[PDB]
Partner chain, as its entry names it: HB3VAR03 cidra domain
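Given as structure tokens, the chain that follows is alone and in the form solved without its partner chain.
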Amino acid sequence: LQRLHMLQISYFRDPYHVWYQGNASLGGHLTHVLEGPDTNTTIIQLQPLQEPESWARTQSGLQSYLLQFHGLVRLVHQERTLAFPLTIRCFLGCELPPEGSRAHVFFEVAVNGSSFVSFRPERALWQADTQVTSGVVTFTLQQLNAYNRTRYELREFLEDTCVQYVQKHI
């Protein structure tokens, strides 16, 4: 199993307070941890897979991701009103299938334990995973599918960064 899986659980008590609990596993082994309130997040490699400077850049990218993740949640609230508290789960990663000619990548999002939206990475597009249409789901997808961040930068993170990471460290 040549893969890197990442799990991020975000607990929002309201738009302005989020508590993060996350971790990543490479080849089936725990390798990273995400922990703490938005005001002081700990992001660490459990193994020094990356050198200090390299790690410093990856860490910075994760920090910027969280900042925009939180930003999007506040915008959806601002525009469509969300019912707090709420918990969001992001499960994403990449795998080099044993008999594949290409990496399999994914990013799925659940809200309060139910399917909400998921990324179709190769086309960098988001889809609803819920059975019914909702102002919240629709507006969220509109934002996710609008900007170059929530689309192309994420596609690059999964298809290129994650895959290069697995190829180098596994």
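Numbering follows the first chain given and starts at 1.
Omitted here: the form deposited with its partner chain bound. The next part is about that form.
> Report whether the minimum heavy atom distance between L67 and its partner chain in the entry with it bound is within 4.5 Å.
Taking the distances in the entry with it bound, the answer for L67 is yes, it comes within 4.5 Å of its partner chain.
> Contact between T81 and its partner chain in the entry with it bound at 4.5 Å, heavy atoms?
Because no heavy atom of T81 falls inside 4.5 Å of its partner chain in the entry with it bound, the answer is no.
> Is there a heavy atom of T39 no more than 4.5 Å from a heavy atom of its partner chain in the entry with it bound?
Yes.
> So in the entry with it bound, does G100 come within 4.5 Å of its partner chain, heavy atom to heavy atom?
No, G100 stays farther than 4.5 Å from its partner chain in the entry with it bound.
> Could you tell me if all three of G27, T161 and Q167 have a heavy atom no more than 4.5 Å from its partner chain in the entry with it bound?
No, the candidate spot makes no contact with its partner chain.
> Name the single residue among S118, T58, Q45, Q143 that comes within 4.5 Å of its partner chain in the entry with it bound, judging by heavy atoms.
Looking at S118, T58, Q45, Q143 one by one, just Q143 meets the 4.5 Å heavy-atom criterion.
> Give me the residue from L96, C90, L75, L86 that has a heavy atom within 4.5 Å of its partner chain in the entry with it bound.
Looking at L96, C90, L75, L86 one by one, just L75 meets the 4.5 Å heavy-atom criterion.
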